[PDB]
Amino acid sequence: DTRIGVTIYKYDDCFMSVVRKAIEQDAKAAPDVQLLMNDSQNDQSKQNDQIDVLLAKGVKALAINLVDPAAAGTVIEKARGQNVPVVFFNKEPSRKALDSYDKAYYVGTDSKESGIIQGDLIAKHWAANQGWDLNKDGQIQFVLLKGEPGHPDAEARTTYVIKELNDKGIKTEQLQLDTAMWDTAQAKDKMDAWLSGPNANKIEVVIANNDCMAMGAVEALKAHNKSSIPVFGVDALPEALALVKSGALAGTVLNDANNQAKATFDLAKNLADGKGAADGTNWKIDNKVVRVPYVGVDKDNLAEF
């Protein structure tokens, strides 16, 4: 049997819980493979110790979902000590980090694409709902709930949702922006504060970098009887799709957990076996990276998801 060590940055991350379960399902098809699954409990120091333990247990590959993206180098040097391949997933290392070790790979997404798609969804809905322009100034007065600072998805989704709106001719005014660290409760509390402050009446649209934060905002809006304000997310979690159906969420963007899990597993297994990373698969690896497309979702195409 081939042992592959896997770390998930925290099992209670909504999206990574989906990915974790998918990778375990994929491991069923490989009777020759054993995954050693680790919850890093949102602590890079805990993850680092877990990786040491995995390497001591003789794993032939690592699949690592970092707590801290900047810690890729640290993790690479651990893997290098055993000359073990490492497939990073979902939190993208720098190009320099990936190039520092020939056995380091990455599976994830084109982060900017999710921001562009989200911006196009907002543009569509804004044009179709001019009642959303509460102050009739032709600009979107928005608040934005950001993911972890420095996380490539948080940075790209935040930059590109606004860039895309602006590029499409829709001016925007940032009323508030803060991180809620990908978390529902923090997002709910932050949105509630914004709704309880002076100038809460100016808020026209809520933009969240993910669905779990969007869901927290939905709950805060409900508490204030402000559900007329639209909310947009990213991931297309099942719970989020149910809120698209009910009208509580205006739109989201599928982050394809199933294919990211499958690519991570396939590459890790090949690398563990000493084969080419993409051998026997149709994955297109571009300079050691696989990116899986995002797809926008709203009521108009929900039936497809």
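From 1 onward, residues are counted along the sequence shown.
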- Note on the structure: Stretch with higher mean Cα temperature factor, 198 to 206 vs 95 to 103, is 95 to 103
- Entry B factor averaged over C-alpha atoms, 213 to 221 against 130 to 138: higher for 130 to 138
- Item | Given 81, 230, 85, 115, the residue at which the Cα B factor reaches its maximum | 81
- Query: Taking the entry's C-alpha B-factors for this chain, is residue 156 in the lowest, middle or highest third?
  - Reply: lowest
- What third of the chain, by the recorded C-alpha B-factor, contains residue 239? highest
- Query: If you rank the chain by CA B-factor, which third does residue 252 end up in: lowest, middle or highest?
  - Reply: lowest
- Assert third(CA B-factor, residue 65) within chain per record equals lowest
- Sorting the chain's CA B-factors, does residue 49 end up in the lowest, middle or highest third? middle
